[PDB]
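A.B. asks: structure-v2.txt (compact mmCIF, C-alpha atoms) pasted underneath:
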```txt
# COMPACT_ATOMS: atom_id res chain seq x y z
CA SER K 9 144.13 90.65 121.76
CA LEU K 10 145.32 87.17 122.74
CA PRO K 11 148.31 85.92 120.74
CA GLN K 12 147.86 82.74 118.67
CA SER K 13 150.71 81.04 120.61
CA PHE K 14 148.67 81.50 123.78
CA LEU K 15 145.58 80.17 122.08
CA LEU K 16 147.39 77.02 120.98
CA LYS K 17 148.65 76.43 124.55
CA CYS K 18 145.04 76.89 125.73
CA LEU K 19 143.91 74.29 123.14
CA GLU K 20 146.53 71.86 124.41
CA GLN K 21 145.56 72.36 128.07
CA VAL K 22 141.76 72.16 127.53
CA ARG K 23 142.23 68.91 125.45
CA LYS K 24 144.38 67.50 128.32
CA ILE K 25 141.67 68.28 130.94
CA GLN K 26 139.02 66.81 128.62
CA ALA K 27 141.02 63.51 128.21
CA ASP K 28 141.31 63.40 132.05
CA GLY K 29 137.58 63.82 132.43
CA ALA K 30 137.07 61.03 129.86
CA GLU K 31 139.25 58.60 131.72
CA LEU K 32 137.45 59.50 135.03
CA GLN K 33 134.05 58.58 133.52
CA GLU K 34 135.49 55.35 131.96
CA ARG K 35 136.80 54.34 135.36
CA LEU K 36 133.58 55.23 137.27
CA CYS K 37 131.68 53.04 134.75
CA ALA K 38 134.26 50.22 134.96
CA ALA K 39 134.75 50.19 138.75
CA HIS K 40 131.41 51.40 139.95
CA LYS K 41 129.03 50.80 136.97
CA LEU K 42 127.89 54.39 136.70
CA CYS K 43 127.87 54.38 132.88
CA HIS K 44 125.02 56.75 131.77
CA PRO K 45 125.87 60.48 132.49
CA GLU K 46 122.60 61.64 130.81
CA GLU K 47 120.62 59.70 133.42
CA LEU K 48 122.68 61.14 136.27
CA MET K 49 122.51 64.77 134.99
CA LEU K 50 118.92 64.93 136.16
CA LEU K 51 120.19 64.81 139.76
CA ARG K 52 122.45 67.97 139.76
CA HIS K 53 119.99 70.20 141.61
CA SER K 54 119.28 67.47 144.21
CA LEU K 55 123.01 67.23 144.88
CA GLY K 56 123.45 71.05 144.84
CA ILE K 57 126.13 71.08 142.07
CA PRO K 58 126.44 74.67 140.74
CA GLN K 59 127.38 75.76 137.18
CA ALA K 60 130.07 78.46 136.48
CA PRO K 61 128.78 81.50 134.41
CA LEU K 62 130.47 82.39 131.12
CA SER K 63 128.17 85.15 129.82
CA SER K 64 131.19 87.36 129.03
CA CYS K 65 132.58 84.79 126.69
CA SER K 66 129.42 84.60 124.55
CA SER K 67 129.59 86.43 121.14
CA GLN K 68 126.60 88.57 122.18
CA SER K 69 128.37 90.09 125.23
CA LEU K 70 131.99 89.20 124.71
CA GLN K 71 134.45 91.05 126.91
CA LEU K 72 138.16 90.28 127.23
CA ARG K 73 138.62 90.90 130.94
CA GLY K 74 135.16 89.48 131.76
CA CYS K 75 135.61 86.31 129.74
CA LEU K 76 139.07 85.65 131.10
CA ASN K 77 137.95 86.47 134.64
CA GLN K 78 134.96 84.19 134.45
CA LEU K 79 137.06 81.33 133.01
CA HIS K 80 139.47 81.71 135.93
CA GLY K 81 136.64 81.97 138.54
CA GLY K 82 135.02 78.92 136.98
CA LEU K 83 138.20 76.87 137.06
CA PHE K 84 138.53 77.61 140.81
CA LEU K 85 134.96 76.46 141.42
CA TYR K 86 135.81 73.14 139.74
CA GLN K 87 139.03 72.90 141.85
CA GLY K 88 136.80 73.26 144.95
CA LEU K 89 134.20 70.71 143.70
CA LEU K 90 136.88 68.08 142.86
CA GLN K 91 138.40 68.66 146.29
CA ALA K 92 134.93 68.18 147.87
CA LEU K 93 134.67 64.65 146.34
CA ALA K 94 137.56 63.46 148.59
CA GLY K 95 139.10 61.06 146.06
CA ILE K 96 135.68 59.42 145.35
CA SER K 97 137.13 56.00 146.12
CA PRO K 98 140.54 54.28 146.39
CA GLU K 99 140.13 53.11 142.72
CA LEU K 100 139.38 56.60 141.33
CA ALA K 101 141.63 58.75 143.54
CA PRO K 102 144.78 58.71 141.25
CA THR K 103 142.67 59.80 138.24
CA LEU K 104 141.10 62.62 140.32
CA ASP K 105 144.53 63.92 141.42
CA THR K 106 145.70 64.23 137.79
CA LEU K 107 142.49 66.11 136.84
CA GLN K 108 143.04 68.41 139.87
CA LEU K 109 146.63 69.16 138.82
CA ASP K 110 145.64 69.83 135.18
CA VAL K 111 142.72 72.10 136.15
CA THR K 112 144.84 74.14 138.55
CA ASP K 113 147.84 74.42 136.14
CA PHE K 114 145.55 75.85 133.46
CA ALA K 115 143.88 78.27 135.88
CA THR K 116 147.33 79.66 136.86
CA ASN K 117 148.31 80.22 133.21
CA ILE K 118 145.05 82.20 132.69
CA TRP K 119 145.87 84.42 135.76
CA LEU K 120 149.38 85.14 134.48
CA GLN K 121 148.03 86.09 130.98
CA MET K 122 145.51 88.40 132.64
CA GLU K 123 148.37 89.95 134.57
CA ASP K 124 150.47 90.53 131.36
CA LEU K 125 147.35 92.08 129.70
CA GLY K 126 145.56 93.97 132.64
CA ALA K 127 144.12 93.07 136.24
CA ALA K 128 143.08 89.52 137.58
CA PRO K 129 141.93 88.33 140.96
CA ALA K 137 129.33 78.22 148.81
CA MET K 138 130.10 74.47 148.39
CA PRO K 139 127.95 71.31 148.41
CA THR K 140 129.12 68.40 150.54
CA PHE K 141 129.32 64.83 149.19
CA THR K 142 128.87 62.57 152.18
CA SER K 143 127.87 59.13 150.91
CA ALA K 144 129.61 56.83 148.49
CA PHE K 145 126.79 57.40 145.92
CA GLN K 146 126.98 61.16 146.34
CA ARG K 147 130.75 61.07 145.74
CA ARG K 148 130.59 58.72 142.75
CA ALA K 149 127.68 60.49 141.03
CA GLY K 150 129.26 63.90 141.87
CA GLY K 151 132.36 62.68 140.01
CA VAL K 152 130.53 61.86 136.76
CA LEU K 153 128.49 65.17 136.83
CA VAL K 154 131.47 67.47 137.58
CA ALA K 155 133.47 65.80 134.73
CA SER K 156 130.52 66.27 132.39
CA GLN K 157 129.97 69.90 133.40
CA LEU K 158 133.66 70.74 133.23
CA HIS K 159 133.81 69.34 129.62
CA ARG K 160 131.03 71.58 128.43
CA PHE K 161 132.27 74.62 130.45
CA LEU K 162 135.63 74.27 128.62
CA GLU K 163 134.02 74.05 125.17
CA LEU K 164 132.23 77.30 125.82
CA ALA K 165 135.26 79.02 127.33
CA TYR K 166 137.47 77.93 124.39
CA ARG K 167 134.93 79.34 121.88
CA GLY K 168 135.12 82.61 123.86
CA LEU K 169 138.91 82.52 123.76
CA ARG K 170 138.93 81.88 119.91
CA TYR K 171 136.86 85.01 119.43
CA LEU K 172 139.41 87.17 121.27
CA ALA K 173 142.41 85.88 119.34
```
Kindly present the structure from the file in structure tokens form.
C.D. replies:
Amino acid sequence: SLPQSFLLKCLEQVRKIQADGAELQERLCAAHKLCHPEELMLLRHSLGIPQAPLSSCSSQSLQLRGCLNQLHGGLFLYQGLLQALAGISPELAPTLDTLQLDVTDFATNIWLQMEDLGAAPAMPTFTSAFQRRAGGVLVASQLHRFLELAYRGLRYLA
């Protein structure tokens, strides 16, 4: 139901967000020496970082409106979480603004496709420097994986 031209634009946009997330983590390691995301992942629940559901994009319970709607809802959660980091630090802030623009640009394209197809439409605080810097490497990590799953769901509906 999704045209291949749309799928290739989605590929382009998810690879762009992934490259942004990669640079964010490089920079957090370089500037602030947070260089092991597997160690930090153990702290997500302590920091209250939520995960966005994509059950409608799994092959078992694939649904076109549901998958697309959950990808859009998920991308707004990540907009909100990036916004909650407040730049992380003067060294990371430019990299965060590019990620924020690329996430939001993609989320708008999804809404418009849902409109041309049929019908589209809570937060942790990060108060200390450590909370903001560790929040930055976990959100980038979670967003990478969330996009892999969403893209698999998208492929299936092509």
A.B. asks: Using only C-alpha atoms, which residue out of K:86, K:125, K:68, K:147 lies closest to residue 10 of chain K?
C.D. replies: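 Among the listed residues, K:125 lies closest to residue 10 of chain K.
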A.B. asks: Work out how far atom CA of residue 93 of chain K is from atom CA of residue 144 of chain K, in Å to one decimal.
C.D. replies: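 According to the coordinates, atom CA of residue 144 of chain K and atom CA of residue 93 of chain K are separated by 9.6 Å.
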A.B. asks: Report as JSON lines the residues of segment 75-162 of chain K within 10 Å of segment 30-48 of chain K, each with its shortest atom pair and distance in Å (one decimal), using only C-alpha atoms, ordered by chain and increasing residue number.
C.D. replies:
```
{"residue": "K:96", "atom": "CA", "partner": "K:36", "partner_atom": "CA", "distance": 9.3}
{"residue": "K:97", "atom": "CA", "partner": "K:36", "partner_atom": "CA", "distance": 9.6}
{"residue": "K:99", "atom": "CA", "partner": "K:39", "partner_atom": "CA", "distance": 7.3}
{"residue": "K:100", "atom": "CA", "partner": "K:35", "partner_atom": "CA", "distance": 6.9}
{"residue": "K:101", "atom": "CA", "partner": "K:32", "partner_atom": "CA", "distance": 9.5}
{"residue": "K:102", "atom": "CA", "partner": "K:32", "partner_atom": "CA", "distance": 9.6}
{"residue": "K:103", "atom": "CA", "partner": "K:32", "partner_atom": "CA", "distance": 6.1}
{"residue": "K:104", "atom": "CA", "partner": "K:32", "partner_atom": "CA", "distance": 7.1}
{"residue": "K:106", "atom": "CA", "partner": "K:32", "partner_atom": "CA", "distance": 9.9}
{"residue": "K:107", "atom": "CA", "partner": "K:32", "partner_atom": "CA", "distance": 8.5}
{"residue": "K:145", "atom": "CA", "partner": "K:40", "partner_atom": "CA", "distance": 9.6}
{"residue": "K:148", "atom": "CA", "partner": "K:36", "partner_atom": "CA", "distance": 7.2}
{"residue": "K:149", "atom": "CA", "partner": "K:48", "partner_atom": "CA", "distance": 6.9}
{"residue": "K:150", "atom": "CA", "partner": "K:48", "partner_atom": "CA", "distance": 9.1}
{"residue": "K:151", "atom": "CA", "partner": "K:32", "partner_atom": "CA", "distance": 7.8}
{"residue": "K:152", "atom": "CA", "partner": "K:33", "partner_atom": "CA", "distance": 5.8}
{"residue": "K:153", "atom": "CA", "partner": "K:45", "partner_atom": "CA", "distance": 6.9}
{"residue": "K:155", "atom": "CA", "partner": "K:33", "partner_atom": "CA", "distance": 7.3}
{"residue": "K:156", "atom": "CA", "partner": "K:45", "partner_atom": "CA", "distance": 7.4}
{"residue": "K:159", "atom": "CA", "partner": "K:30", "partner_atom": "CA", "distance": 8.9}
```
A.B. asks: What separation in Å, quoted to one decimal, exists between atom CA of residue 21 of chain K and atom CA of residue 110 of chain K?
C.D. replies: 7.5 Å
A.B. asks: Can you work out which one of K:160, K:167, K:73, K:80 has the shortest atom-to-atom distance to residue 15 of chain K, counting only C-alpha atoms?
C.D. replies: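 Looking at the shortest contact to residue 15 of chain K, the residue is K:167.
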A.B. asks: Could you work out how far atom CA of residue 29 of chain K lies from atom CA of residue 114 of chain K, giving the answer in Å with one decimal?
C.D. replies: 14.5 Å
A.B. asks: Output as CSV one row per residue of segment 38-103 of chain K within 9 Å of segment 129-140 of chain K: the closest atom pair and its distance in Å to one decimal place, counting all atoms listed in the file, sorted by chain and residue number ascending.
C.D. replies:
```
residue,atom,partner,partner_atom,distance
K:55,CA,K:139,CA,7.3
K:56,CA,K:139,CA,5.7
K:57,CA,K:139,CA,6.6
K:58,CA,K:138,CA,8.5
K:77,CA,K:129,CA,7.7
K:80,CA,K:129,CA,8.7
K:81,CA,K:129,CA,8.6
K:85,CA,K:138,CA,8.7
K:88,CA,K:138,CA,7.6
K:89,CA,K:138,CA,7.3
K:92,CA,K:140,CA,6.4
K:93,CA,K:140,CA,7.9
```
A.B. asks: Around all the atoms of segment 86-92 of chain K listed in the file, with 4 Å of room on each side, what axis-aligned box do you get, giving centre and edge lengths in Å to one decimal, as JSON?
C.D. replies:
```
{"center_x": 136.6, "center_y": 70.7, "center_z": 143.8, "size_x": 12.8, "size_y": 13.2, "size_z": 16.1}
```
